[PDB]
Amino acid sequence: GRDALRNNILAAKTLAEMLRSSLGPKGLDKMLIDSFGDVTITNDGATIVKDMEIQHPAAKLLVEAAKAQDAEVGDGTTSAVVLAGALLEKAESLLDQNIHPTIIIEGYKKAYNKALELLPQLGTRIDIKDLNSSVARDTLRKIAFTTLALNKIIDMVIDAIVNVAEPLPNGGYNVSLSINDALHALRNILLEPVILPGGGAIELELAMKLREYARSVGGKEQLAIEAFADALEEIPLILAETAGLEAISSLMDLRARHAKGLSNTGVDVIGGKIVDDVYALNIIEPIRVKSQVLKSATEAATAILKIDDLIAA
Amino acid sequence: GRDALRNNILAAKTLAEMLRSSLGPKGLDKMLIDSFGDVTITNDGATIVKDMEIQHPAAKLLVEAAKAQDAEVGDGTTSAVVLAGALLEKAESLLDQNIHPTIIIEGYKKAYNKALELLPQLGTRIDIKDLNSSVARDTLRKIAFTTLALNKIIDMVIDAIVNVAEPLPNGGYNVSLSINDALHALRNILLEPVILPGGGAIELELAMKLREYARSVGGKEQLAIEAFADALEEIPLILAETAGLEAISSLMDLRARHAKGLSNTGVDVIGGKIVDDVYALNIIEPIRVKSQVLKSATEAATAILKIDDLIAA
Amino acid sequence: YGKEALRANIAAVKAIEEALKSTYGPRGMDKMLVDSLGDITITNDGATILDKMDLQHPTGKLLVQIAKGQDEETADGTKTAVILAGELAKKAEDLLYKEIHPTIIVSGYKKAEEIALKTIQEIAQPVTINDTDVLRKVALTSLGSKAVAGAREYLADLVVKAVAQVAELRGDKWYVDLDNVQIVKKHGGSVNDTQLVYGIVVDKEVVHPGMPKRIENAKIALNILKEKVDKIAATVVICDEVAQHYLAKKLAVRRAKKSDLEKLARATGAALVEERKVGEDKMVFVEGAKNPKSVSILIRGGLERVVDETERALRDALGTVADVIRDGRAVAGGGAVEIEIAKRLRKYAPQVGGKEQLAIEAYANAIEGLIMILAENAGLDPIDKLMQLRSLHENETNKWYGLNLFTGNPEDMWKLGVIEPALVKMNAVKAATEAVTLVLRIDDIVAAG
Amino acid sequence: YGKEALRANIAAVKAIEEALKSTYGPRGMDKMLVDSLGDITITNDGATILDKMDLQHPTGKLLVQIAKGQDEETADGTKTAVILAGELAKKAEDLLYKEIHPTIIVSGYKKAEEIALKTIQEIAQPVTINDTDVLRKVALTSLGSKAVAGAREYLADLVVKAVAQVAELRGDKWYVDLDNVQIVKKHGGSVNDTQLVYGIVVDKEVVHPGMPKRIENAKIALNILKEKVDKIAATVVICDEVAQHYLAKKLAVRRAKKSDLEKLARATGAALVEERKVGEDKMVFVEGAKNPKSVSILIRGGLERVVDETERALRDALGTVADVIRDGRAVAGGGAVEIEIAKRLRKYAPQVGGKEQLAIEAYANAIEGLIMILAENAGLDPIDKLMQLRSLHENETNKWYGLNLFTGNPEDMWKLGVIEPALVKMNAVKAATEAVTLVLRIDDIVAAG
């Protein structure tokens, strides 16, 4: 294939591989080291991506996309990189079948648009009409802990967050800002309100729909979209890997369930099991985050794909 | 450690590793090749062991033990080698702890004696008093198929086998002899009558008892016996590996069950699952075979262990 | 992935695929073979290429024998069996890297095999010895762009005619003994004439000029010398200068293959025996038989490679038409059946366990590989044509829509007269599946004696 | 062929083509540039790629300057000039190997050039500043799949609007001074918003918080300190902590490009001056002018490479629409014009001497190369699409039939709104022909001082 593009894809892919381990709630720690020997140890992809040194320009670019994604929204920094590397890895198969990368780019673009179109449908709304006492706030707390992972310190953060004024109609609350990511998450939940079933359920459903859509698009772009879907299904796989069991079998089981009209099922990492409903266990993601992850990943992957060669300046 | 002994142990261990794959009912095939290019493909450890060429004298010795075991009884050729290699591998840990091999030999000897003492207790008798019509023969057929793995050709083999005369008191029937191994098995079942719960249940129970006995023996010989037990538990592991799932987790589950007073549970390979009772699924072994496997394996392993050096003649 | 024995075996299968891949389909390439420092052979023939090439590998030498199905069914459909095996092997390779155990793969492939065979069984159209159109189209499909000197349509007609002649009926099932067929060959110029003879052609000059050229109703039976000749003629002959005069006084042949003698014995159990002059030579023609099933085809061409190739292609075509008649089923070629198979597989796969489902889907893709090869060899874009047909095959009204390698466009292959025997394709699927499952089940390679 | 100097020069031209070939057409690739150990640049831009890359070769460094036509006409149509030169060079190479002397080639290329220019002159459609549809389509055609953050249709509208605003009329000929346009940029998130301002945007925070945010009808003019401030305010200012209080008592700016100052001087020869808050920052807006031609575009994007690229693409699009307005002619892009050119060349070639005829035909093929590149970059089969269009272009009713790189099928490019300026294409043809004729005329390379 086109050697430059392959080298790039490889670099991005290796960085993704490095970051795959630090995904989910039971993500392993990375050991960051300064030029002076000072050591920081963390499983936060934001920190890893931000502080780390990387020489290859493709990986650098991917990191740039990740950072921007981390700026626009506090969460999803690892997910974007992992998904980008995934998209490139799945693209590789198509490049090997002699499919020109602009076609792949187009397919990925269509897949992304469709996904972003489907997200709001596959989500579930929350009550923005009021901050009323009855169980509107208590359900957010669950997401807060879901982000954190404490009998006290519960009410306090919510009240401290409620202090800050604003409704906006379209329900779009504005706030002038582990604790950080929690505040970020809550903010993101309000800023546009829909919740999404975490633990990979969204990826799985999105993939299942995208294949059908791919069958409509029909061309090589069908293969590109189907690749996008396969690339989306890599996150549930990893989460299942952190859960412990043989990833593929679980991926298949999950897929099975999504076929059923079980519609959403997910992998409970901490529980180390697959669960029929991830809302029940309050495994939730803000759509604000997921959409940003999709955008960032697809932009990164197409960007890598759109580069033909390297020239000395 | 003692280099010669280690080299031997390694050779035997590698041969075992080679043969581990061809164990159980779903055992992979080996591709045997003559010096003239002629090819035989088979998963029968008897054939593999018999026909194959091996240069290292330790492995040669192990093969000799296996062949003799195959002569004295038609079945258990793979099991003996696998178990021997296992015993040596587990011995390695003790040699590394600076435990002299004659001690290990003694421990293994005690473990073997105890095991052979325990076999008849852990078994279940069959009716030798009569060849009566009521379900005495129909239960043997199940073992026949268990060996084979056919609506017809059932009665015929049994009748053809019943033709051949003899009771002996002590219930010890004598016969002057896939089909081969089946006839062998049946013969072995009658020749001394007890049946044993296959699928690794016997190994597991034996191990569980042997550890307790090891705690009585108490010395370094305790460690040697415990090693014998660990070495016995390697067969259920392999069968579980052929069943597909992560061997260790299943080994632990099985062990759990054996602790309970579930007393016997096994891995159903073909079913690809662990089952509470392996008699229910007619997974049966003749004690005649198992005892021979134990004897052959322990003799081989101690023999390898008893050799101190090599001298040119 | 797993042990290097398996990796090596798979590599071998793939290697053997690569040896025939380029020659798949009508518009297929030829391969050049070089033996010692003596001679070379240029051909489009799975059998020949596999046989001539070095088979000095324990694995693969088995693949060749598995591909050549142990059945009357033997053809260049061997290419299909081999190429398929190579594809199922490569898609297996992609599964092993996901650490799907060979057991599960084999299971999945067996299921997919069964469904594929079922699909072929379903799609297949009935066909009898009376359907000259179809049989002719089959014969013509077998000779697709084969480097044959003879007009392919004419030669197809000859094939149908010969196979029709040979045919006998056995208990509601026709039977074709292609041993009854003779195939002699000779090459000069003004040649690439192809002749159909309803008897036997003995390729040899008459022993003595002064000798009866023609012989009517020749009862066939084929001083010391005088005694022998007298004793023999007591009740034409085939096996000294003195005997030539004796037989001249009393037709003869110097040297004839024992095959000719066999076919003669079969053919005559003898109304005309002539000496006919081919362009620039003479030979003996046995016309009429005490046999209603014997026949011969004289393939003469300008250049030898072409003649030989014509013989090979002819034998294969005969084989295919024979199979069509004996099994009485046919299918639209050009890639239709394969697409249908893949479709049904992907349809059925979710109804099976996941890890096997992946294997089945992989089987479907392995099948679809073949079409991409067909497109490749036609100089077309494989993926395009594939997705194109796959898309068109969503209607049941396009079950026979396959690839037209000459126009580049998908068309109803049954109507275009692109027709194959079902038995062959089924047997090929079986052979490939057997081969790859065999390779998969093998764990290690062990020396012995 | 001839001397190694010529071979080297031709190799250089070809090399410079290869540097931009992949980026030709709407669905074009990006290139990555790496400067020292400091920074990298990812772009689809002939100018930028040519400028950033090492120009350490005497030849080719000339090709870049010839490509960048010494005229108001300067664009990414430089890519065309360069890629063409590369093609005319490669087809020349094929002539030199036939030992056609460079003189004859040059002659032939000059003739072919004249006919090509004539063809463009003939095909070209008239277009005025009133035809918003066409101008919009041109602007949209210039931005074809360019990695721009802004909506391309919206941005196209903005382009047309700005160019319409800037326009003045000079003796029956409109004129567009793109210096009147400002293009400032800033990158955060929730950005890829693109804003159109009818004045000037000064990108800097207000010097002092306690200061008039707004200023109505601001007359523009941009103890020692007190004396200075008093003297200045005797008749907003732009260029000490003490002066901040003085100006606070009496809007200001810390640091502004002299370009902004120029554009301000032009724009104001001043009704509103505000301080507006961009997403996550503040800056100064000058709205209203004593100038009917000034305007500014605020391109703000999420990521910097994208913003920069947006600026580049924007400038180019502005350029193309400007050229369209000033020359008042346009042509259906997508490969139509080139095919027509090649057609006319092959038509005319036999009417010229043979050895030149070959050169002309070679010119036509060199032209047709471009289309094949357009198809290549779209992941299409170049020859197919070529022969397809060439065939369709036999009717005069298909003069605008070009390649749709997204559907893969030939379509009426004028109706699809795929429209280019004729002036650009002509100038590109001229530039390429000049470049290759120059390279051809050179015999040797001699050191001097």
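No Cβ is skipped: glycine too gets one built from the backbone with ideal geometry, and neighbour counts run over all protein chains shown. Quick note: the coordinates plus some simple rules give every number you see, no bench work behind them.
Here are some notes:
- Nitroxide proxy distance, nm - points 7 Å out along Cα→Cβ at A:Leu148 and B:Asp181: 6.0
- Taking every DSSP helix (H) stretch of at least 4 residues in chain A, weighting each as -39,500 (n - 2.57) and dividing the sum by the residue count yields a mean residue ellipticity at 222 nm of -20000 deg cm²/dmol.
- Cross-link check: pairs B:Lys273/C:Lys425; D:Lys52/D:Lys415; B:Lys295/C:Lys98; A:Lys90/C:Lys425; D:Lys343/D:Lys415; B:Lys60/C:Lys91 evaluated at a Cα-Cα cut-off of 29 Å; pairs beyond the cut-off: B:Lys273/C:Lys425; D:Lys52/D:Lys415; B:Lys295/C:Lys98; A:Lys90/C:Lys425; B:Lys60/C:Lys91.
- Viscosity 1.567 mPa s, 4 °C: Kirkwood-radius Stokes-Einstein D of the range C:1-102 over Cα pairs, µm²/s: 89
- The Kirkwood radius of the range C:198-292, taken over pairs of alpha-carbon atoms, gives through the Stokes-Einstein law at 4 °C and 1.567 mPa s a diffusion coefficient of 93 µm² s⁻¹.
- Shielding value for D:32-39 is 4, the average number of Cβ atoms from other chains within 10 Å of each residue's Cβ.
- Cα lying deepest toward the dipole's positive end in the range B:1-120, options B:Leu95, B:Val39, B:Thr78, charges on Cβ: B:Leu95
- This model, with +1 at the C-beta of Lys and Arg and -1 at the C-beta of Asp and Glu, gives the range A:151-235 a dipole about its Cα centre of some 100 debye.
- Karplus-derived HN-Hα couplings along the range C:401-411 (A = 6.51, B = -1.76, C = 1.60, θ = phi - 60°), whole Hz, x at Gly and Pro: 6, x, 8, 8, 5, 9, 9, x, 9, x, 8
- Across D:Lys185/D:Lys257; D:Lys110/D:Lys347; D:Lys385/D:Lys430, pairs whose alpha-carbon gap is larger than 24 Å: D:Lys385/D:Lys430
- For B:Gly172, label point 7 Å along C-beta direction: distances to other copies, nm: 9.4
- Between the range D:149-218 and the range B:123-168, the alpha-carbon centres lie 98 Å apart.
- With q set to 0.09, 0.14 Å⁻¹, the log10 of I(q)/I(0) for the range C:274-421, from the Debye formula over equal scatterers at the Cα positions, is -0.47, -0.84.
- For the C-to-D rotation axis, chain C residue with nearest beta carbon and its distance in angstrom: C:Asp381, 3
- Amide H contacts of B:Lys273: B:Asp268, each under 5 Å away and 5 or more positions distant or on a separate chain (H built 1.01 Å from N in the peptide plane; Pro and chain starts excluded).
- Point-to-point label distance, D:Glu241-D:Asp384, nm (Cα→Cβ direction, 7 Å offset): 7.3
- Amide H contacts of C:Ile442: B:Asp29, each under 5 Å away and 5 or more positions distant or on a separate chain (H built 1.01 Å from N in the peptide plane; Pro and chain starts excluded).
- In terms of its Cα atoms, the range C:166-324 spans 57, 45, 23 Å along the principal axes, sorted from long to short.
- For the residue pairs A:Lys220/D:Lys146; D:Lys118/D:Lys355; C:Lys21/C:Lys186; A:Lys220/A:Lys306, the C-alpha atoms sit more than 24 angstrom apart in C:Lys21/C:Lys186.
- Ignoring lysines fewer than eight residues from B:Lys290 along the same chain, the ones with Cα atoms less than 19 angstrom from its Cα are B:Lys67, B:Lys109, B:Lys110, B:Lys114, B:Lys142, B:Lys209.
- Ranked by the mean number of other Cβ atoms within 10 Å of their residues, highest first, the peptides C:395-408, D:296-309 fall in the order D:296-309, C:395-408.
- Shielding by partners for peptide D:14-26, expressed as the average number of C-beta atoms from other protein chains within 10 Å of each residue's C-beta, is 1.
- Across the identical copies, the label point of D:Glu287 (7 Å from Cα in the Cβ direction) is separated from its matches by 10.7 nm, in order from shortest.
- Debye intensity ratio in log₁₀ form over the Cα atoms of the protein assembly as shown, taken at each q of 0.06, 0.08 Å⁻¹: -0.86, -1.25
- Considering only D:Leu222, D:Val307, D:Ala375, the residue lying farthest towards the positive end of the dipole of chain D is D:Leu222, judged by Cα position with unit charges set on Cβ.
- Long-range tail of P(r) for the range C:39-159 (Cα pairs > 26 Å, %): 41
- Rg [Å, one decimal], Dmax [Å, integer] - the range D:107-189, C-alpha atoms: 17.3, 57
- Scattering curve values for the range A:1-60, log₁₀ I(q)/I(0), Debye with Cα scatterers, q = 0.18, 0.22, 0.25 Å⁻¹: -0.69, -0.91, -1.04
- Over the C-alpha atoms of chain A, the Rg to Rh ratio, Rh being the Kirkwood estimate, stands at 0.97.
- Dimensionless Rg ratio for chain C, taking C-alpha atoms and the 2.2 N^0.38 Å reference: 1.14
- Placing a label point 7 Å from the Cα of B:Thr124 along the Cα-to-Cβ direction, the residues of the range B:250-289 whose backbone N falls under 15 Å from that point are B:262-267, B:275-287.
- Note on chain D: helix-only mean residue ellipticity at 222 nm, from DSSP H runs of 4+ residues weighted -39500 (n - 2.57) and normalised by residue number, equals -16500 deg cm²/dmol.
- Computed about its Cα centre, the charge dipole of the range D:189-311 is approximately 560 debye, with only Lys, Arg, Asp and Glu carrying charge at their Cβ.
- Counting only residues at least eight positions apart within a chain, or on another chain, the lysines with an alpha carbon under 24 Å from that of D:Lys231 are D:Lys213, D:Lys219, D:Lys249, D:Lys250, D:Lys258.
- Unit charges on C-beta of K, R, D, E only; dipole of chain D, Debye: 1060
- Shielding of peptide A:300-309 by partners, expressed as the average count of other chain Cβ atoms within 10 Å per residue Cβ, is 5.
- Note on chain C: dipole from Cβ charges, positive end direction compared against C:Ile341, C:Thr128, C:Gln388; the farthest Cα belongs to C:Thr128.
- Applied to the range D:299-308, the Karplus parametrisation 6.51 cos²θ - 1.76 cosθ + 1.60 on θ = phi - 60° returns per-residue 3J(HN,Hα) values of 9, 10, x, x, 10, 4, 3, 5, 4, 4 Hz, with x for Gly and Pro.
- Computed from backbone phi, the HN-Hα couplings of the range D:226-235 come to 4, 4, 4, 4, 4, 5, 5, 7, 6, 5 Hz, rounded to whole numbers (Karplus: 6.51 cos²θ - 1.76 cosθ + 1.60, θ = phi - 60°; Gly and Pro given as x).
- Under 5 Å, built H, 5+ apart or other chain: amide partners of B:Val194: B:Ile287, B:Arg288
- Rounded, prolate or oblate (a/c below 1.5 giving rounded, otherwise prolate when a/b exceeds b/c) for the range A:21-91 by Cα gyration tensor: prolate
- Spin-label model, C:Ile42 to C:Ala147: label points 7 Å out along the Cα-to-beta-carbon direction sit 0.5 nm apart.
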